[PDB]
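**Student:** Just dropping this structure here.
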Amino acid sequence: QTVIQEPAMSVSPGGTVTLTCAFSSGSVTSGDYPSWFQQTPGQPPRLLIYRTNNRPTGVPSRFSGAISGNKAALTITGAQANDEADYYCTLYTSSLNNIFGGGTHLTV
Amino acid sequence: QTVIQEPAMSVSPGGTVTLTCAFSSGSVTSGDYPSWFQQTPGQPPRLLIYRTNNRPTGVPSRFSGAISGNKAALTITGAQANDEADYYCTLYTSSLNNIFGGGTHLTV
Amino acid sequence: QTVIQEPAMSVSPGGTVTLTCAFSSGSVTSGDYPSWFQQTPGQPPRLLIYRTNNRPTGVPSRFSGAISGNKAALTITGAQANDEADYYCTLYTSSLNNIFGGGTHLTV
Amino acid sequence: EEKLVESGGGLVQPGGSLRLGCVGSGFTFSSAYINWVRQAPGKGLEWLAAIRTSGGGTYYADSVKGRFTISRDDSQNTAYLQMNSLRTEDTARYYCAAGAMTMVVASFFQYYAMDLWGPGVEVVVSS
Amino acid sequence: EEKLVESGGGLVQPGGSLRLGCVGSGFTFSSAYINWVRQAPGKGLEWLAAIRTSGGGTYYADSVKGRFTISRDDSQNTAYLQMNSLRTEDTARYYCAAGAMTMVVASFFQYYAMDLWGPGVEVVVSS
Amino acid sequence: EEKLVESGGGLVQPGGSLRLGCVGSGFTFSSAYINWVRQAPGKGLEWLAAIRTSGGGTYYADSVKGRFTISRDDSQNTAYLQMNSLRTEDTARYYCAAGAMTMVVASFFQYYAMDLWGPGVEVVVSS
Amino acid sequence: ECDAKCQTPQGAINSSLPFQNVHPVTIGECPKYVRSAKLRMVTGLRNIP
Amino acid sequence: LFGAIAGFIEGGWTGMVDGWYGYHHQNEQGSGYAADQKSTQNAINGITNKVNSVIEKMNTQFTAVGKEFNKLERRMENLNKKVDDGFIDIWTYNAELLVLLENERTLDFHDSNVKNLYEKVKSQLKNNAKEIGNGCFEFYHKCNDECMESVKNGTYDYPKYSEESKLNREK
Amino acid sequence: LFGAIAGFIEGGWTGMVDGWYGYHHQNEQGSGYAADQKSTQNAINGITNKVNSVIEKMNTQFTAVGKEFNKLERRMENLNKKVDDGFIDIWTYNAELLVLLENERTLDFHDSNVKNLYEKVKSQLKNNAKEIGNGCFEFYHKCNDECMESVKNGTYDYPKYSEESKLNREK
Amino acid sequence: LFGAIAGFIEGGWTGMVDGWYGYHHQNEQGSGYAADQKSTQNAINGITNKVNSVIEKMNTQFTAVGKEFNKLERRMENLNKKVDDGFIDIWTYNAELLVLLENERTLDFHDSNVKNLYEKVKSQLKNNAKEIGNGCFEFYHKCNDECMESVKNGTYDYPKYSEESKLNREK
Amino acid sequence: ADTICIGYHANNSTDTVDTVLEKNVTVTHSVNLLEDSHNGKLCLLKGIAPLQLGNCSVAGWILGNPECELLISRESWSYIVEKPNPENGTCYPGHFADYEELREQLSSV
């Protein structure tokens with residue numbers, strides 16, 4: 001019904017993060033096809049991971065995605081200080097019906 | 001229904017011919033299985049092309065068959081002057097029901 | 001539906017044996033899955049051949065099984081003088097339902 | 001050495017009946033579809049009838065549908081065309097054709113191929 | 001050079017109507033699903049509507065169902081979101097997204113991948 | 001290492017009852033069909049009963065159907081044959097066999113193969 | 001005076017088959033030598049008469 | 001495996017000698033055997049391409065595999081022997097596995113052809129006939145030779161016989 | 001082969017542009033073309049892994065084929081030629097046969113996917129709809145876009161329309 | 001793919017420990033788990049033959065794959081290295097692709113076996129049972145242990161239960 | 001009533017084939033991919049006849065052995081045919097230098 005995320009997170013440069021996304025309901029499965037989005041203020045959102053594991057061509061091989069337990073997880077390792085943006089998660093409840101998360105404001 | 005064919009046709013020695021066979025109806029396809037026969041005076045007919053494009057073993061690799069637009073075409077390249085015979089086409093309307101054409105008298 | 005077997009036989013050492021087993025009914029086929037057993041006095045029975053041809057790990061490559069006509073045949077070749085034991089055949093009528101034979105005593 | 005030989009024929013008055021026979025040698029006659037075709041004097045070929053193998057069926061043209069019957073006897077390697085109520089337009093040379101062309105991937109004969117023809121038999125209908 | 005450009009928007013009094021338009025260039029628009037998403041000032045993204053290709057169907061979020069309608073014209077590479085009876089909380093920046101990622105094994109666009117986004121259009125509903 | 005040990009048995013008056021037991025060690029007893037066979041003194045082998053795994057079913061010979069029941073307790077690796085309404089002809093050595101032959105392509109046991117046998121127990125019935 | 005595409009010390013091979021088991025030492029464009037005694041490809045169906 | 005051959009159609013027919021797949025008919029005019037020309041011809045074309053592809057891709061170049069070396073060149077003799085033996089091993093293994101897998105594929109192809117013919121006849125007849133097992137349909141109406149040929153040649157004309165069939169099916 | 005593609009479903013749809021397999025519905029609201037995303041995605045994953053398995057299974061080490069020999073070393077030149085031609089022939093045969101067989105595996109995979117989709121829809125609808133050939137179902141009840149979407153994602157709710165379908169069917 | 005495994009039959013049974021394919025029954029006397037011995041035995045024979053064919057078709061000859069060459073013979077050494085690396089590449093490619101394809105073939109074989117068993121039981125029960133989905137049939141009569149064993153072993157005797165199943169079906 | 005059955009072909013063939021799932025499968029028809037027979041005679045190659053040495057060896061033929069007269073005329077040959085143990089080679093005893101290389105280079109001309 002509603003998608004729960006972390007209100008805010010921080011990380012030092014050169015460190016890994018574990019930005020998580022879940023339902024306000026039962027377990028999140030790979031059949032929900034989570035997709036993450038990076039948005040800086042004043043810019044359109046950018047797709048980073050799709051179908052919980054797959055990166056587009058332009059996305060650096062730094063953002064990894066997985067399903068850890070019952071919650072989807074996005075991990076950033078390098079943290080090159082251009083990762084200071086709002087990270088959103090979308091979970092698909094149908095063929096095209098998707099619910100967006102609240103947003104994790106990551107500061108580096 | 002009825003199969004139309006050229007009443008007569010003449011070619012020069014060492015030339016190509018385009019003996020055609022058509023329906024008095026819609027298009028002729030490979031599902032009609034055209035078969036060409038050659039008959040000389042006082043003699044049993046001889047099969048030259050079966051199922052549009054196939055030659056029996058004894059037939060030299062000079063007669064060829066094809067489908068062109070909506071017609072069945074037989075072509076002779078070498079024209080060794082022993083080809084002065086009547087050429088018939090048969091079209092199969094069923095598993096064994098077939099209709100013969102009028103026949104073409106080929107003068108070399 | 002009963003299993004008929006030859007009451008006794010004898011064989012010289014280094015001689016062939018043609019132990020046989022049949023039904024009091026139609027032909028015995030591979031679908032009856034015959035299995036032979038060797039029993040010495042006061043000793044658990046031992047499996048020599050299952051499914052008309054298969055031999056367990058310990059059984060030497062001397063015993064052989066086959067379906068000869070309408071009967072099941074166990075052939076012993078070596079006759080190593082330790083084959084002085086009763087030989088039984090079981091033929092299966094269902095998936096676990098089976099009839100044992102009367103038994104053949106082989107005097108070597 | 002595949003050969004077909006046609007018997008019967010000759011002169012028959014209108015309204016009469018004939019029984020043409022084609023005998024096959026050199027090939028498995030019981031495995032081949034048998035066609036009967038006619039050629040009127042000074043005219044093109046006209047397909048007349050066909051019979052399959054092992055009682056598959058009989059196929060007739062509208063010209064002689066109901067007048068001409070076709071049968072076969074594999075024990076004698078013969079195919080029969082019985083013609084009844086013959087008119088004046090039934091004067092022709094009659095050929096028996098057989099689809100008897102072998103394949104490489106099977107033992108049957110090739111479909112849609114009248115490869116083996118007989119010399120023919122003349123049938124004339126006049127007074 | 002795939003690109004989506006929004007159109008429409010502005011100021012509309014509560015209870016009014018608008019027709020936001022998104023025009024796409026650089027890719028086969030008629031083969032791409034079109035999503036309309038919104039972002040309120042200082043608030044997270046909210047998916048509103050989606051339209052499939054060749055009349056597959058229209059999907060609406062429960063928040064905007066009945067009030068908002070989605071449509072597309074494939075002869076002009078345009079996607080329309082028509083809003084009726086706008087409330088005062090419908091003020092946001094509206095984005096049109098499209099699934100326009102290609103694969104090597106097919107000529108289609110990848111599923112569950114909203115990759116191509118437009119810059120957005122401002123909609124303010126106030127008196 | 002595969003072993004089956006029989007228990008029960010002894011002398012019981014006609015019209016009585018018994019419960020023979022077979023305990024298996026060294027293999028997966030819950031995965032093996034269990035057969036009960038008898039050998040009368042100076043007589044051939046007589047197959048009596050069989051039980052499958054996971055409640056598949058019970059199979060009885062016509063001689064002992066109705067009188068004898070067969071069960072298994074997999075928590076103790078035991079198989080039980082309960083005999084009722086004993087007659088004078090039931091005195092024999094009773095064997096428990098099991099299909100415990102393994103295969104390379106699967107983890108189950110071979111079908112139609114009683115490979116593992118026990119020493120057996122004497123049962124003598126007499127007035 | 002025969003003509004062949006492959007020659008073998010025991011005699012030539014007049015065939016178009018892809019494999020042969022006559023002799024490993026051959027001269028010419030020859031079928032590949034195999035240690036197989038049978039190479040039958042089913043073209044038809046199971047025979048259940 | 002698709003279930004037709006050595007399945008719900010237990011055995012073959014020795015009487016059908018003009019094709020691989022076909023039909024047996026029992027009308028009051030008579031019984032008989034007719035091969036399905038379309039499916040058998042498709043199978044013939046497929047198997048002929050299969051054989052021609054296995055045979056015609058062995059295009060070899062003029063080579064001589066025999067060499068002579070003396071005793072002071074024994075490493076050469078062994079290297080040449082290794083080359084020849086390795087090529088023979090590769091080709092033997094490849095040919096054997098190729099035939100083994102290709103034969104299974106051919107048998108599966110024939111099984112698929114018989115099931116598809118059965119399914120096609122089933123869909124054509126619909127409820128005008130009943131499945132009596134063994135790949136046979138018992139009609140609810142009278143089929144003459146024209147009816148049987150219509151079933152065989154692919155144009156059955158169901159509505160023509162539906163109503164009468166109902167009077168036999170609801171009885 | 002499974003009989004769906006070029007079988008009981010005759011030809012493909014140029015209208016469906018978003019996937020390989022899918023539906024075409026016709027209601028009062030309108031007609032359309034929707035691809036089945038689950039089956040299409042499974043097929044895409046399978047075909048991608050097949051192509052990747054073919055491509056990435058070829059691993060080589062740094063080698064130089066070319067060699068030069070003088071006039072007194074011709075057994076050398078001939079042996080080098082033999083190894084080169086043998087490797088080329090083996091690889092040519094293997095590549096050609098691999099592509100030839102994998103094409104039949106891929107086409108059979110697509111045919112199976114289409115047939116499985118048809119069977120899934122059929123089992124969902126049961127007797128609420130009639131089969132009219134060509135892979136096409138006719139509903140005995142009245143469906144809107146919710147019903148069509150319900151059939152498409154796999155949540156049909158047969159009991160909801162069972163009574164109305166019974167009334168319309170037995171009439 | 002034939003649609004049975006991971007299809008209309010979703011998951012496997014851990015309780016059935018005596019075969020690959022089998023049955024799950026429920027009667028007043030209780031539920032159980034029994035394997036189909038015929039189908040499982042045929043599958044075991046086929047898979048065992050497949051493994052034996054893969055293993056035993058490699059017949060090799062005594063060879064030593066090592067040669068030493070002095071510094072004045074580098075063409076010797078490079079030719080030997082080329083031979084060895086080519087053979088290793090060919091064998092790695094062949095083995096890897098063979099395993100990858102035989103695994104799909106084996107999985108499809110098991111899927112076909114499950115589907116064929118389902119179709120066999122379907123044809124034997126006919127209209128005496130209702131297809132309740134998931135490889136399950138609910139009987140329109142009462143089946144004690146003997147009836148279910150008759151179903152499993154292949155002799156169902158439909159006409160015995162034909163009449164009663166009518167009265168309970170038209171109600 | 002009136003019935004139509006669907007079935008397949010069967011004949012008296014005894015041909016057997018081996019499959020990955022079963023051995024010794026009787027089939028209606030099969031083709032051979034293996035050649036097991038030869039002519040027993042030497043044939044031409046690429047339309048060019050071979051060179052037959054008779055009792056001479058390559059060394060004897062190329063040195064001009066006195067007992068090698070019949071084989072004196074040839075222009076172009078596709079291969080050489082030699083006896084397993086020729087009895088007229090180097091009549092004067094001695095060592096032939098690079099004999100195997102010479103045999104390789106005289107194989108076809």
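Chain labels run A, B, ... following the order of the structure tokens; each chain numbers its residues from 1, and ligands are numbered from 1 in the order shown.
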Quick one: residues within 12 Å of residue 25 (chain G), only C-alpha atoms counted, chain neighbours fewer than 5 positions away excluded, as a JSON list (two decimals) with N, CA, C and O atoms, in the first residue's frame?
**Tutor:**
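New file part-v2.json:
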[["chain", "number", "residue", "atom", "x", "y", "z"],
["G", 6, "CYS", "N", 39.37, -39.27, -52.80],
["G", 6, "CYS", "CA", 40.27, -39.72, -51.75],
["G", 6, "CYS", "C", 40.88, -41.06, -52.15],
["G", 6, "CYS", "O", 40.19, -41.91, -52.71],
["G", 7, "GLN", "N", 42.16, -41.23, -51.84],
["G", 7, "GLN", "CA", 42.87, -42.47, -52.11],
["G", 7, "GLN", "C", 43.41, -43.05, -50.81],
["G", 7, "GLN", "O", 43.92, -42.33, -49.94],
["G", 8, "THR", "N", 43.29, -44.36, -50.69],
["G", 8, "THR", "CA", 43.66, -45.13, -49.52],
["G", 8, "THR", "C", 44.56, -46.27, -49.98],
["G", 8, "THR", "O", 44.39, -46.78, -51.09],
["G", 9, "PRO", "N", 45.53, -46.68, -49.16],
["G", 9, "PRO", "CA", 46.41, -47.79, -49.56],
["G", 9, "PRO", "C", 45.68, -49.10, -49.82],
["G", 9, "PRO", "O", 46.21, -49.95, -50.54],
["G", 10, "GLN", "N", 44.48, -49.29, -49.28],
["G", 10, "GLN", "CA", 43.69, -50.48, -49.55],
["G", 10, "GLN", "C", 42.70, -50.28, -50.69],
["G", 10, "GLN", "O", 42.00, -51.22, -51.05],
["G", 11, "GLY", "N", 42.64, -49.09, -51.28],
["G", 11, "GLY", "CA", 41.72, -48.81, -52.36],
["G", 11, "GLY", "C", 40.98, -47.51, -52.18],
["G", 11, "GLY", "O", 40.77, -47.06, -51.05],
["G", 12, "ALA", "N", 40.55, -46.90, -53.28],
["G", 12, "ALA", "CA", 39.93, -45.58, -53.21],
["G", 12, "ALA", "C", 38.53, -45.66, -52.60],
["G", 12, "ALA", "O", 37.93, -46.73, -52.47],
["G", 20, "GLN", "N", 34.48, -41.80, -42.42],
["G", 20, "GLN", "CA", 34.93, -43.09, -42.91],
["G", 20, "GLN", "C", 35.79, -43.76, -41.85],
["G", 20, "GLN", "O", 36.37, -43.10, -40.98],
["G", 30, "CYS", "N", 39.32, -36.01, -48.08],
["G", 30, "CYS", "CA", 38.79, -37.27, -47.60],
["G", 30, "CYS", "C", 37.78, -37.06, -46.48],
["G", 30, "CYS", "O", 37.82, -36.05, -45.77],
["G", 31, "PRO", "N", 36.85, -38.00, -46.31],
["G", 31, "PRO", "CA", 36.02, -37.98, -45.10],
["G", 31, "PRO", "C", 36.87, -38.14, -43.86],
["G", 31, "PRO", "O", 37.88, -38.85, -43.86],
["G", 32, "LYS", "N", 36.47, -37.46, -42.80],
["G", 32, "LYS", "CA", 37.20, -37.52, -41.54],
["G", 32, "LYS", "C", 37.17, -38.94, -40.98],
["G", 32, "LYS", "O", 36.11, -39.58, -40.94],
["G", 33, "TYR", "N", 38.33, -39.43, -40.56],
["G", 33, "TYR", "CA", 38.43, -40.77, -40.01],
["G", 33, "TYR", "C", 37.92, -40.81, -38.58],
["G", 33, "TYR", "O", 38.25, -39.95, -37.77],
["G", 34, "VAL", "N", 37.08, -41.80, -38.29],
["G", 34, "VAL", "CA", 36.55, -41.96, -36.90],
["G", 34, "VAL", "C", 36.82, -43.40, -36.45],
["G", 34, "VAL", "O", 37.10, -44.25, -37.32],
["H", 63, "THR", "N", 44.51, -32.79, -48.49],
["H", 63, "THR", "CA", 45.56, -32.95, -47.50],
["H", 63, "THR", "C", 46.11, -34.36, -47.56],
["H", 63, "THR", "O", 45.38, -35.30, -47.90],
["H", 64, "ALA", "N", 47.39, -34.51, -47.24],
["H", 64, "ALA", "CA", 48.03, -35.80, -47.06],
["H", 64, "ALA", "C", 48.50, -35.90, -45.62],
["H", 64, "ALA", "O", 49.23, -35.03, -45.14],
["H", 65, "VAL", "N", 48.09, -36.97, -44.93],
["H", 65, "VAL", "CA", 48.35, -37.10, -43.50],
["H", 65, "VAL", "C", 49.54, -38.00, -43.19],
["H", 65, "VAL", "O", 49.86, -38.18, -42.00],
["H", 66, "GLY", "N", 50.21, -38.55, -44.19],
["H", 66, "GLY", "CA", 51.34, -39.44, -43.97],
["H", 66, "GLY", "C", 52.66, -38.70, -44.12],
["H", 66, "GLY", "O", 52.89, -38.00, -45.11],
["H", 67, "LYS", "N", 53.52, -38.87, -43.12],
["H", 67, "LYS", "CA", 54.86, -38.30, -43.12],
["H", 67, "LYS", "C", 55.87, -39.35, -42.68],
["H", 67, "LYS", "O", 55.54, -40.28, -41.94],
["H", 81, "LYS", "N", 52.09, -37.78, -34.38],
["H", 81, "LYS", "CA", 51.15, -38.76, -33.84],
["H", 81, "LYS", "C", 50.14, -38.10, -32.91],
["H", 81, "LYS", "O", 48.95, -38.44, -32.94],
["H", 84, "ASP", "N", 47.55, -36.23, -35.12],
["H", 84, "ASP", "CA", 46.61, -37.14, -35.78],
["H", 84, "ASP", "C", 45.64, -37.76, -34.78],
["H", 84, "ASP", "O", 44.43, -37.80, -35.02],
["H", 85, "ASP", "N", 46.16, -38.24, -33.65],
["H", 85, "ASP", "CA", 45.31, -38.87, -32.64],
["H", 85, "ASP", "C", 44.32, -37.88, -32.05],
["H", 85, "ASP", "O", 43.16, -38.24, -31.81],
["H", 88, "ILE", "N", 41.55, -37.33, -34.58],
["H", 88, "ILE", "CA", 40.68, -38.50, -34.64],
["H", 88, "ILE", "C", 39.77, -38.56, -33.41],
["H", 88, "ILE", "O", 38.57, -38.86, -33.52]]
**Student:** Can you work out which residues from chain D touch chain G at a cut-off of 10 Å (counting only C-alpha atoms) and hand them back as a ChimeraX atom specification?
**Tutor:** /D:104-107
**Student:** Would you kindly return, as a ChimeraX atom specification, each protein, DNA or RNA residue with an atom no farther than 12 Å from any atom of residue 44 (chain I), considering only C-alpha atoms and excluding same-chain residues fewer than 5 positions away?
**Tutor:** /E:102-111 /I:19-21,37-39,49-51,106,109-110,113
**Student:** Now that the selection is made, can you save its residues with N, CA and C atoms as a tab-separated table (two decimals), in the first residue's frame?
**Tutor:**
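Below is the file that was written, again_5.tsv:
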chain	number	residue	atom	x	y	z
E	102	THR	N	16.79	-0.01	-24.78
E	102	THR	CA	16.82	-1.08	-25.76
E	102	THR	C	17.60	-2.27	-25.23
E	103	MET	N	17.33	-3.42	-25.83
E	103	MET	CA	18.07	-4.63	-25.47
E	103	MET	C	18.74	-5.14	-26.74
E	104	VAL	N	19.66	-6.08	-26.61
E	104	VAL	CA	20.38	-6.62	-27.76
E	104	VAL	C	19.62	-7.77	-28.41
E	105	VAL	N	18.73	-8.44	-27.67
E	105	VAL	CA	18.02	-9.60	-28.19
E	105	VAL	C	16.69	-9.24	-28.83
E	106	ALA	N	16.25	-7.98	-28.73
E	106	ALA	CA	14.97	-7.60	-29.29
E	106	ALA	C	14.98	-6.11	-29.60
E	107	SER	N	13.99	-5.69	-30.39
E	107	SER	CA	13.80	-4.29	-30.75
E	107	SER	C	12.85	-3.57	-29.82
E	108	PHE	N	12.43	-4.21	-28.74
E	108	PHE	CA	11.46	-3.64	-27.83
E	108	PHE	C	12.16	-2.70	-26.85
E	109	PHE	N	11.40	-2.19	-25.89
E	109	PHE	CA	11.93	-1.39	-24.80
E	109	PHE	C	11.77	-2.17	-23.50
E	110	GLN	N	12.73	-1.99	-22.60
E	110	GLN	CA	12.79	-2.81	-21.40
E	110	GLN	C	11.64	-2.50	-20.46
E	111	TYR	N	11.15	-3.54	-19.78
E	111	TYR	CA	10.03	-3.40	-18.87
E	111	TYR	C	10.50	-2.95	-17.50
I	19	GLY	N	6.21	-6.32	-27.20
I	19	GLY	CA	6.66	-7.60	-26.72
I	19	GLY	C	6.47	-8.69	-27.76
I	20	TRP	N	6.90	-9.89	-27.39
I	20	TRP	CA	6.81	-11.04	-28.29
I	20	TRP	C	5.42	-11.66	-28.25
I	21	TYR	N	4.93	-11.96	-27.05
I	21	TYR	CA	3.65	-12.61	-26.86
I	21	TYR	C	2.68	-11.66	-26.17
I	37	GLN	N	3.89	-9.31	-20.15
I	37	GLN	CA	5.21	-8.92	-19.70
I	37	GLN	C	5.96	-10.04	-19.00
I	38	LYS	N	5.27	-10.90	-18.25
I	38	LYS	CA	5.96	-11.97	-17.53
I	38	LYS	C	6.58	-12.99	-18.48
I	39	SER	N	5.79	-13.51	-19.41
I	39	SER	CA	6.31	-14.49	-20.36
I	39	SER	C	7.36	-13.88	-21.27
I	49	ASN	N	20.65	-15.18	-22.08
I	49	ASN	CA	21.67	-16.05	-21.44
I	49	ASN	C	22.18	-17.03	-22.48
I	50	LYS	N	21.33	-17.45	-23.40
I	50	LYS	CA	21.84	-18.32	-24.46
I	50	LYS	C	22.90	-17.63	-25.31
I	51	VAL	N	22.61	-16.39	-25.73
I	51	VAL	CA	23.57	-15.65	-26.56
I	51	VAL	C	24.86	-15.42	-25.79
I	106	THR	N	15.65	-22.13	-30.15
I	106	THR	CA	15.00	-20.84	-29.93
I	106	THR	C	13.58	-20.78	-30.49
I	109	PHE	N	11.36	-22.82	-28.38
I	109	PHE	CA	11.13	-22.10	-27.13
I	109	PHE	C	10.02	-21.06	-27.28
I	110	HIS	N	10.04	-20.30	-28.38
I	110	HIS	CA	8.99	-19.31	-28.61
I	110	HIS	C	7.63	-19.98	-28.80
I	113	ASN	N	6.34	-21.07	-25.46
I	113	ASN	CA	5.87	-19.95	-24.66
I	113	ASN	C	4.48	-19.51	-25.09
**Student:** Which neighbours of region 22-35 of chain A fall inside 10 Å, counting only C-alpha atoms, when residues of the same chain fewer than 5 positions from it are skipped, and could you give them as JSON, numbers by chain?
**Tutor:** {"A": [1, 2, 3, 4, 5, 6, 47, 48, 49, 50, 51, 52, 53, 54, 55, 65, 66, 67, 68, 69, 70, 71, 72, 73, 74, 88, 89, 90, 91, 92, 93, 94, 95, 98, 99, 100, 101], "E": [111, 112, 113, 114], "I": [38]}
**Student:** One decimal, in Å: what's the spacing between CA of residue 37 (chain K) and CA of residue 13 (chain G)?
**Tutor:**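 Taking CA of residue 37 (chain K) as the start and CA of residue 13 (chain G) as the end point, the length is 7.1 Å.
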**Student:** Just give me the gap between CA of residue 115 (chain E) and CA of residue 30 (chain E) in Å, one decimal is fine.
**Tutor:**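 So the answer is 16.1 Å.
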**Student:** Show which residues sit within 12 Å of residue 98 (chain K), as a PyMOL selection string. Count only C-alpha atoms, and ignore same-chain residues fewer than 6 positions away.
**Tutor:** (chain H and resi 68-70+72-73) or (chain I and resi 72-75) or (chain K and resi 59+104-105)
**Student:** Listing only residues of chain H within 9 Å of chain G, what is the closest atom pair and its distance in Å (to one decimal) for each, using only C-alpha atoms, sorted by chain and residue number ascending, as a Markdown table?
**Tutor:**
| residue | atom | partner | partner_atom | distance |
| --- | --- | --- | --- | --- |
| H:5 | CA | G:46 | CA | 8.0 |
| H:6 | CA | G:48 | CA | 8.0 |
| H:10 | CA | G:48 | CA | 8.2 |
| H:11 | CA | G:48 | CA | 5.2 |
| H:12 | CA | G:48 | CA | 5.3 |
| H:13 | CA | G:49 | CA | 6.4 |
| H:14 | CA | G:49 | CA | 6.4 |
| H:20 | CA | G:45 | CA | 7.7 |
| H:44 | CA | G:43 | CA | 8.6 |
| H:47 | CA | G:43 | CA | 6.2 |
| H:48 | CA | G:43 | CA | 8.2 |
| H:50 | CA | G:43 | CA | 8.9 |
| H:51 | CA | G:41 | CA | 8.0 |
| H:54 | CA | G:18 | CA | 7.9 |
| H:55 | CA | G:18 | CA | 5.5 |
| H:56 | CA | G:18 | CA | 7.7 |
| H:57 | CA | G:18 | CA | 8.3 |
| H:58 | CA | G:18 | CA | 5.7 |
| H:59 | CA | G:29 | CA | 8.2 |
| H:60 | CA | G:29 | CA | 5.4 |
| H:61 | CA | G:29 | CA | 5.1 |
| H:62 | CA | G:29 | CA | 4.3 |
| H:63 | CA | G:28 | CA | 5.3 |
| H:64 | CA | G:27 | CA | 4.7 |
| H:65 | CA | G:25 | CA | 5.8 |
| H:66 | CA | G:25 | CA | 5.9 |
| H:84 | CA | G:24 | CA | 8.5 |
| H:87 | CA | G:33 | CA | 8.8 |
| H:88 | CA | G:34 | CA | 5.8 |
| H:89 | CA | G:34 | CA | 7.6 |
| H:90 | CA | G:34 | CA | 8.9 |
| H:91 | CA | G:34 | CA | 6.2 |
| H:92 | CA | G:34 | CA | 4.6 |
| H:93 | CA | G:34 | CA | 8.4 |
| H:95 | CA | G:39 | CA | 7.9 |
| H:96 | CA | G:39 | CA | 7.3 |
| H:99 | CA | G:41 | CA | 6.1 |
| H:100 | CA | G:41 | CA | 8.4 |
| H:102 | CA | G:41 | CA | 7.5 |
| H:103 | CA | G:42 | CA | 5.5 |
| H:104 | CA | G:42 | CA | 8.7 |
| H:106 | CA | G:42 | CA | 6.9 |
| H:107 | CA | G:45 | CA | 6.2 |
| H:110 | CA | G:45 | CA | 6.6 |
| H:111 | CA | G:45 | CA | 8.5 |
**Student:** What does the distance from CA of residue 25 (chain D) to CA of residue 66 (chain D) come to in Å, to one decimal?
**Tutor:** 29.8 Å
**Student:** Kindly determine which residues of chain E lie within 9 Å of chain A, considering only C-alpha atoms, and give the answer as a ChimeraX atom specification.
**Tutor:** /E:33,35,43-52,58-61,95,101,111-120
